[PDB]
Each structure stands twice: as structure tokens, then as C-alpha cells.
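For reference, run.csv is printed below; it contains CSV, N, CA and C atoms and all ligand atoms.
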chain,number,residue,atom,x,y,z
E,597,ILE,N,24.3,42.3,-6.0
E,597,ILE,CA,23.0,42.6,-5.4
E,597,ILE,C,23.2,43.3,-4.0
E,598,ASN,N,22.4,44.2,-3.7
E,598,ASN,CA,22.3,44.9,-2.4
E,598,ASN,C,23.5,45.8,-2.1
E,599,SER,N,24.1,46.3,-3.2
E,599,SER,CA,25.2,47.3,-3.1
E,599,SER,C,25.3,48.0,-4.4
E,600,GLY,N,25.4,49.3,-4.5
E,600,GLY,CA,25.7,50.0,-5.7
E,600,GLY,C,24.8,51.2,-5.9
E,601,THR,N,24.6,51.5,-7.2
E,601,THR,CA,23.9,52.7,-7.5
E,601,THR,C,22.8,52.5,-8.6
E,602,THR,N,22.7,51.2,-9.1
E,602,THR,CA,21.7,50.9,-10.0
E,602,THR,C,20.4,50.4,-9.3
E,603,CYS,N,19.7,51.4,-8.8
E,603,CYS,CA,18.6,51.1,-7.8
E,603,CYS,C,17.3,51.0,-8.6
E,604,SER,N,16.3,50.3,-8.0
E,604,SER,CA,15.0,50.2,-8.5
E,604,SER,C,14.1,51.2,-7.9
E,605,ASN,N,13.6,52.1,-8.6
E,605,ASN,CA,12.7,53.2,-8.1
E,605,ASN,C,11.3,52.8,-8.1
E,606,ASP,N,11.0,51.5,-8.1
E,606,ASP,CA,9.6,51.0,-8.0
E,606,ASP,C,9.0,51.4,-6.6
E,607,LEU,N,9.6,50.8,-5.6
E,607,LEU,CA,9.2,51.2,-4.2
E,607,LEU,C,10.0,52.4,-3.7
E,608,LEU,N,9.3,53.4,-3.2
E,608,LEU,CA,9.8,54.7,-3.0
E,608,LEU,C,9.6,55.2,-1.6
E,609,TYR,N,10.6,55.7,-0.9
E,609,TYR,CA,10.5,56.4,0.3
E,609,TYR,C,11.5,57.6,0.3
E,610,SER,N,11.4,58.4,1.3
E,610,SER,CA,12.3,59.6,1.3
E,610,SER,C,13.5,59.4,2.1
E,611,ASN,N,14.6,60.1,1.8
E,611,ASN,CA,15.8,60.0,2.5
E,611,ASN,C,15.6,60.6,3.9
E,612,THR,N,16.0,59.8,4.9
E,612,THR,CA,15.9,60.2,6.3
E,612,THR,C,17.3,60.5,6.9
E,613,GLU,N,17.3,61.0,8.1
E,613,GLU,CA,18.5,61.4,8.9
E,613,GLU,C,19.1,60.1,9.4
E,614,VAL,N,20.5,60.1,9.5
E,614,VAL,CA,21.2,59.1,10.2
E,614,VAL,C,21.0,59.4,11.7
E,615,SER,N,20.1,58.7,12.3
E,615,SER,CA,19.8,58.9,13.7
E,615,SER,C,20.6,58.0,14.6
E,616,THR,N,21.5,58.6,15.4
E,616,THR,CA,22.4,57.8,16.2
E,616,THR,C,21.9,57.5,17.6
E,617,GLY,N,22.2,56.4,18.1
E,617,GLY,CA,21.9,56.0,19.5
E,617,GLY,C,20.8,55.1,19.7
E,618,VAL,N,19.9,54.9,18.7
E,618,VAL,CA,18.8,54.1,18.9
E,618,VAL,C,18.8,52.9,17.9
E,619,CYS,N,18.2,51.8,18.4
E,619,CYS,CA,18.2,50.6,17.5
E,619,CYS,C,17.2,50.8,16.4
E,620,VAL,N,17.7,50.7,15.1
E,620,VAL,CA,16.9,51.0,14.0
E,620,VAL,C,17.1,50.0,12.9
E,621,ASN,N,16.1,49.9,12.0
E,621,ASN,CA,16.3,49.2,10.7
E,621,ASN,C,16.9,50.2,9.7
E,622,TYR,N,18.0,49.8,9.0
E,622,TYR,CA,18.6,50.7,8.0
E,622,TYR,C,18.6,50.0,6.7
E,623,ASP,N,18.4,50.9,5.7
E,623,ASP,CA,18.6,50.6,4.2
E,623,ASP,C,19.5,51.7,3.7
E,624,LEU,N,20.8,51.5,3.9
E,624,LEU,CA,21.9,52.4,3.5
E,624,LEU,C,22.4,52.0,2.1
E,625,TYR,N,21.8,52.7,1.1
E,625,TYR,CA,22.3,52.6,-0.3
E,625,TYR,C,22.2,51.1,-0.8
E,626,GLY,N,21.3,50.3,-0.3
E,626,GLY,CA,21.2,48.9,-0.6
E,626,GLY,C,21.5,48.0,0.5
E,627,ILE,N,22.4,48.4,1.4
E,627,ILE,CA,22.7,47.6,2.6
E,627,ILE,C,21.5,47.6,3.5
E,628,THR,N,21.1,46.5,4.1
E,628,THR,CA,20.0,46.4,5.0
E,628,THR,C,20.4,45.7,6.3
E,629,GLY,N,19.8,46.1,7.4
E,629,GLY,CA,20.0,45.5,8.6
E,629,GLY,C,19.3,46.2,9.8
E,630,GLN,N,19.8,45.8,11.0
E,630,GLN,CA,19.3,46.4,12.3
E,630,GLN,C,20.6,46.7,13.1
E,631,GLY,N,20.6,47.9,13.8
E,631,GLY,CA,21.7,48.2,14.6
E,631,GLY,C,21.6,49.6,15.2
E,632,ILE,N,22.7,50.1,15.7
E,632,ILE,CA,22.8,51.4,16.4
E,632,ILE,C,24.0,52.1,15.8
E,633,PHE,N,23.8,53.3,15.4
E,633,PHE,CA,24.8,54.1,14.7
E,633,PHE,C,25.5,55.0,15.8
E,634,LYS,N,26.8,55.3,15.5
E,634,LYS,CA,27.5,56.2,16.4
E,634,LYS,C,28.4,57.0,15.5
E,635,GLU,N,28.3,58.4,15.6
E,635,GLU,CA,29.0,59.2,14.7
E,635,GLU,C,30.5,59.4,15.2
E,636,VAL,N,31.4,59.2,14.2
E,636,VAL,CA,32.8,59.1,14.6
E,636,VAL,C,33.6,60.0,13.6
E,637,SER,N,34.8,60.3,13.9
E,637,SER,CA,35.7,61.1,13.1
E,637,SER,C,36.7,60.2,12.4
E,638,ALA,N,36.5,59.9,11.2
E,638,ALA,CA,37.3,58.9,10.4
E,638,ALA,C,38.2,59.6,9.4
E,639,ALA,N,39.4,59.0,9.2
E,639,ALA,CA,40.3,59.6,8.2
E,639,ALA,C,40.9,58.5,7.3
E,640,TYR,N,40.2,57.4,7.2
E,640,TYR,CA,40.7,56.2,6.4
E,640,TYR,C,39.9,56.0,5.1
E,641,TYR,N,38.9,56.9,4.8
E,641,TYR,CA,38.2,56.8,3.6
E,641,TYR,C,38.8,57.6,2.5
E,642,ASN,N,39.2,56.9,1.4
E,642,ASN,CA,39.7,57.6,0.2
E,642,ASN,C,38.6,57.9,-0.7
E,643,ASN,N,38.9,58.4,-1.9
E,643,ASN,CA,37.8,58.8,-2.8
E,643,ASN,C,37.2,57.7,-3.6
E,644,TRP,N,37.3,56.4,-3.1
E,644,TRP,CA,36.8,55.3,-3.7
E,644,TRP,C,36.2,54.3,-2.7
E,645,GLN,N,36.4,54.6,-1.4
E,645,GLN,CA,36.1,53.7,-0.3
E,645,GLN,C,35.0,54.3,0.5
Z,250,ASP,N,73.9,61.1,-19.6
Z,250,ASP,CA,73.5,61.3,-18.2
Z,250,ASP,C,73.4,59.9,-17.4
Z,251,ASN,N,73.7,58.8,-17.9
Z,251,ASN,CA,73.7,57.5,-17.2
Z,251,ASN,C,72.3,57.2,-16.7
Z,252,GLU,N,71.3,57.3,-17.6
Z,252,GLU,CA,70.0,56.9,-17.4
Z,252,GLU,C,69.7,55.6,-18.1
Z,253,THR,N,68.7,54.9,-17.6
Z,253,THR,CA,68.3,53.6,-18.1
Z,253,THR,C,66.8,53.5,-18.2
Z,254,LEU,N,66.3,52.8,-19.2
Z,254,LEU,CA,64.9,52.4,-19.4
Z,254,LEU,C,64.7,51.0,-18.7
Z,255,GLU,N,63.5,50.8,-18.1
Z,255,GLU,CA,63.2,49.6,-17.4
Z,255,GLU,C,61.7,49.3,-17.5
Z,256,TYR,N,61.4,48.1,-17.8
Z,256,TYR,CA,60.0,47.6,-17.8
Z,256,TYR,C,60.0,46.1,-17.4
Z,257,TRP,N,59.5,45.8,-16.2
Z,257,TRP,CA,59.5,44.4,-15.7
Z,257,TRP,C,58.1,43.9,-15.8
Z,258,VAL,N,58.0,42.7,-16.4
Z,258,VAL,CA,56.7,42.0,-16.6
Z,258,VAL,C,56.8,40.6,-16.1
Z,259,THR,N,55.7,40.2,-15.3
Z,259,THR,CA,55.6,38.9,-14.9
Z,259,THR,C,54.1,38.5,-15.0
Z,260,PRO,N,53.8,37.2,-15.2
Z,260,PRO,CA,52.4,36.7,-15.4
Z,260,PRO,C,51.6,36.8,-14.1
Z,261,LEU,N,50.3,36.7,-14.3
Z,261,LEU,CA,49.3,36.7,-13.2
Z,261,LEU,C,48.5,35.4,-13.3
Z,262,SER,N,48.1,35.0,-12.1
Z,262,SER,CA,47.1,33.9,-12.0
Z,262,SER,C,46.3,34.1,-10.8
Z,263,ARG,N,45.2,33.3,-10.7
Z,263,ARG,CA,44.3,33.3,-9.5
Z,263,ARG,C,44.9,32.5,-8.4
Z,264,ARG,N,45.1,33.1,-7.3
Z,264,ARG,CA,45.7,32.5,-6.1
Z,264,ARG,C,45.4,33.2,-4.9
Z,265,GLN,N,45.7,32.6,-3.7
Z,265,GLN,CA,45.3,33.0,-2.4
Z,265,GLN,C,46.4,33.7,-1.7
Z,266,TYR,N,46.2,34.8,-1.1
Z,266,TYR,CA,47.2,35.6,-0.3
Z,266,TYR,C,46.7,35.8,1.1
Z,267,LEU,N,47.6,36.2,1.9
Z,267,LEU,CA,47.3,36.7,3.2
Z,267,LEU,C,47.8,38.2,3.3
Z,268,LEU,N,46.9,39.1,3.4
Z,268,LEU,CA,47.2,40.5,3.3
Z,268,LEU,C,47.1,41.1,4.7
Z,269,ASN,N,48.1,42.0,5.1
Z,269,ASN,CA,48.1,42.7,6.4
Z,269,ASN,C,47.7,44.1,6.2
Z,270,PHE,N,46.6,44.5,6.9
Z,270,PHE,CA,46.1,45.9,6.9
Z,270,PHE,C,46.4,46.6,8.2
Z,271,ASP,N,47.1,47.7,8.1
Z,271,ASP,CA,47.6,48.4,9.2
Z,271,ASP,C,46.5,49.4,9.8
Z,272,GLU,N,47.0,50.3,10.7
Z,272,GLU,CA,46.1,51.2,11.4
Z,272,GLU,C,45.3,52.2,10.5
Z,273,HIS,N,45.9,52.5,9.4
Z,273,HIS,CA,45.2,53.5,8.5
Z,273,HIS,C,44.5,52.8,7.3
Z,274,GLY,N,44.6,51.5,7.1
Z,274,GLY,CA,44.0,50.9,6.0
Z,274,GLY,C,44.8,50.5,4.9
Z,275,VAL,N,46.1,50.6,5.0
Z,275,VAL,CA,47.1,50.4,4.0
Z,275,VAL,C,47.6,48.9,4.1
Z,276,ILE,N,47.6,48.2,2.9
Z,276,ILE,CA,48.3,46.9,2.8
Z,276,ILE,C,49.8,47.1,3.1
Z,277,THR,N,50.3,46.5,4.2
Z,277,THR,CA,51.7,46.7,4.5
Z,277,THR,C,52.5,45.4,4.3
Z,278,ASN,N,51.9,44.2,4.3
Z,278,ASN,CA,52.6,43.0,4.1
Z,278,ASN,C,51.7,42.0,3.3
Z,279,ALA,N,52.3,41.1,2.6
Z,279,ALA,CA,51.5,40.0,2.0
Z,279,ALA,C,52.3,38.7,2.0
Z,280,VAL,N,51.6,37.6,1.9
Z,280,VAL,CA,52.3,36.3,1.8
Z,280,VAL,C,51.4,35.4,0.8
Z,281,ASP,N,52.1,34.8,-0.2
Z,281,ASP,CA,51.5,33.9,-1.1
Z,281,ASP,C,51.5,32.5,-0.5
Z,282,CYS,N,50.3,32.0,-0.3
Z,282,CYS,CA,50.1,30.8,0.6
Z,282,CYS,C,50.7,29.5,0.1
Z,283,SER,N,51.2,29.5,-1.1
Z,283,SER,CA,51.7,28.2,-1.7
Z,283,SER,C,53.1,28.4,-2.3
Z,284,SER,N,53.9,29.3,-1.7
Z,284,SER,CA,55.2,29.5,-2.3
Z,284,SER,C,56.3,28.7,-1.5
Z,285,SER,N,56.1,28.5,-0.2
Z,285,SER,CA,57.1,27.8,0.6
Z,285,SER,C,56.3,27.1,1.8
Z,286,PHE,N,57.1,26.6,2.7
Z,286,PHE,CA,56.5,25.9,3.9
Z,286,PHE,C,56.2,26.9,5.0
Z,287,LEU,N,57.0,27.9,5.1
Z,287,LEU,CA,56.7,29.0,6.1
Z,287,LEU,C,55.4,29.7,5.8
Z,288,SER,N,55.2,29.9,4.5
Z,288,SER,CA,53.9,30.5,4.0
Z,288,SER,C,52.7,29.6,4.3
Z,289,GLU,N,52.9,28.3,4.2
Z,289,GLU,CA,51.9,27.3,4.6
Z,289,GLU,C,51.5,27.5,6.1
Z,290,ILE,N,52.5,27.6,7.0
Z,290,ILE,CA,52.2,27.9,8.4
Z,290,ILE,C,51.6,29.2,8.6
Z,291,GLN,N,52.1,30.2,7.9
Z,291,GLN,CA,51.5,31.6,8.0
Z,291,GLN,C,50.1,31.7,7.6
Z,292,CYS,N,49.7,31.1,6.5
Z,292,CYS,CA,48.4,31.1,6.0
Z,292,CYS,C,47.5,30.2,6.9
Z,293,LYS,N,48.1,29.2,7.5
Z,293,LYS,CA,47.3,28.3,8.4
Z,293,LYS,C,46.9,28.9,9.7
Z,294,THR,N,47.8,29.6,10.4
Z,294,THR,CA,47.5,30.2,11.6
Z,294,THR,C,47.0,31.6,11.4
Z,295,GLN,N,47.0,32.1,10.2
Z,295,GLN,CA,46.6,33.5,9.8
Z,295,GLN,C,47.3,34.6,10.5
Z,296,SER,N,48.6,34.4,10.6
Z,296,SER,CA,49.5,35.2,11.4
Z,296,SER,C,50.8,35.4,10.6
Z,297,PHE,N,51.4,36.6,10.7
Z,297,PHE,CA,52.6,36.9,10.0
Z,297,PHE,C,53.8,36.6,10.9
Z,298,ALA,N,53.6,36.3,12.2
Z,298,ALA,CA,54.6,35.8,13.1
Z,298,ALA,C,53.9,34.7,13.9
E,701,LIG,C1,17.1,53.8,25.6
E,701,LIG,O1,16.0,54.7,26.0
E,701,LIG,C2,16.5,56.1,26.2
E,701,LIG,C3,15.3,56.9,26.7
E,701,LIG,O2,14.1,56.2,26.4
E,701,LIG,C4,17.1,56.6,24.9
E,701,LIG,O3,17.6,57.9,25.1
E,701,LIG,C5,18.2,55.7,24.4
E,701,LIG,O4,18.6,56.2,23.1
E,701,LIG,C6,17.7,54.3,24.3
E,701,LIG,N1,18.8,53.4,23.9
E,701,LIG,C7,18.7,52.4,23.1
E,701,LIG,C8,19.9,51.6,22.8
E,701,LIG,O5,17.6,52.1,22.6
E,702,LIG,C1,78.3,58.6,-16.3
E,702,LIG,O1,79.0,57.5,-15.9
E,702,LIG,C2,80.4,57.5,-16.3
E,702,LIG,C3,81.0,56.2,-15.9
E,702,LIG,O2,82.4,56.2,-16.1
E,702,LIG,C4,81.1,58.7,-15.5
E,702,LIG,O3,82.4,58.8,-15.9
E,702,LIG,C5,80.3,60.0,-15.9
E,702,LIG,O4,80.9,61.1,-15.1
E,702,LIG,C6,78.8,59.9,-15.7
E,702,LIG,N1,78.2,61.1,-16.1
E,702,LIG,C7,77.1,61.6,-15.6
E,702,LIG,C8,76.5,62.9,-16.2
E,702,LIG,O5,76.6,61.1,-14.6
With the file now loaded, output its structure as C-alpha cells.
Ligand SMILES: *[C@@H]1O[C@H](CO)[C@@H](O)[C@H](O)[C@H]1NC(C)=O
Ligand SMILES: *[C@@H]1O[C@H](CO)[C@@H](O)[C@H](O)[C@H]1NC(C)=O
Amino acid sequence: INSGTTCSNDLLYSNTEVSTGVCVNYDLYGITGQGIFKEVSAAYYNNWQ
Amino acid sequence: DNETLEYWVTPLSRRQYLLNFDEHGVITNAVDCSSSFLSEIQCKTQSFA
């Protein structure tokens, strides 16, 4: 639950921008919470992570 | 040509390990928590040294 790609399309909103710097509620592909995003240059994500 | 075939097989079971993840995200060390007494100390302090 709350992670994956088998989503329920009952309640619908549109995809928004990842807005960095401000405290926001996020629903990122099932993950939910509150926080502040910061864009970074990462090299540790493989094709499955 | 002095070549050999090789296939090594050992059984699996459910058990607890301590895995070390390095700077890039690669598992570099592991310890089986119930194999010796040093591994008891290592899994207890959650340290490899
Ligand atoms: C604080 O407010 C300033 C200006 O109103 C804004 O630029 C900044 O992103 C805000 N920071 C946070 C953490 O809300
Ligand atoms: C294979 O091993 C034998 C062992 O005596 C050696 O004499 C021979 O030169 C080796 N041949 C090759 C192709 O490695």
C-alpha cells in the first residue's frame, strides 16, 4: 500500500511541478507527506531504484 | 585446454544480516548475526568495527 503503479483513478487531480524551496504537501506516486524539496545531482539511481 | 566446470550450491533460510552500504549505494560488507560471537557484538553495536 502507498507505493507502486496500481493506482486508483477514482479521485483525480493533474500532475503538478516539483516546486522546490517551499513547505508543501506531496503525493509522489503514492508516497504522502509534508516537506521541502531541493533539486540535486544524483548518480546512485540504477534502472530499478 | 585445462578448463573445468563448476557449480556451487548451498541452501537458503530466513535470517538477519548487517549490510554495509558505501558512498555509491553498493553493498560492500555483510555479517550473519548468528554465526559467531564477534558477529553477535557486531550486530549488537551495529558496527563493523
Ligand atoms: C519563505 O518565504 C520566502 C518569501 O516569502 C520564500 O521565498 C521562501 O521560499 C519561504 N521559505 C519557506 C521554507 O517557506
Ligand atoms: C594443461 O596442463 C598440463 C599439465 O601438465 C600442461 O602440461 C599443459 O601444457 C596444459 N595445456 C594448456 C593448453 O594449458
Practice problem: Using only C-alpha atoms and all ligand atoms, determine which residues fall within 9 Å of ligand LIG 701 (chain E), then list them as an NGL selection string. | Solution: :E and (616-620 or 632)
Quiz item: Which residues form the shell of 8 Å around ligand LIG 702 (chain E) when you count only N, CA and C atoms and all ligand atoms, given as an MDAnalysis selection string?
Solution: chainID Z and resid 250:252
Quiz item: How far is it from atom CA of residue Z:275 to atom N of residue E:645, in Å with one decimal?
Solution: 12.7 Å
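Note that atom CA of residue Z:296 and atom CA of residue Z:273 are 19.0 Å apart.
Atom pair atom C of residue E:629 / atom N of residue Z:271 has a distance of 27.9 Å (rounded to one decimal).
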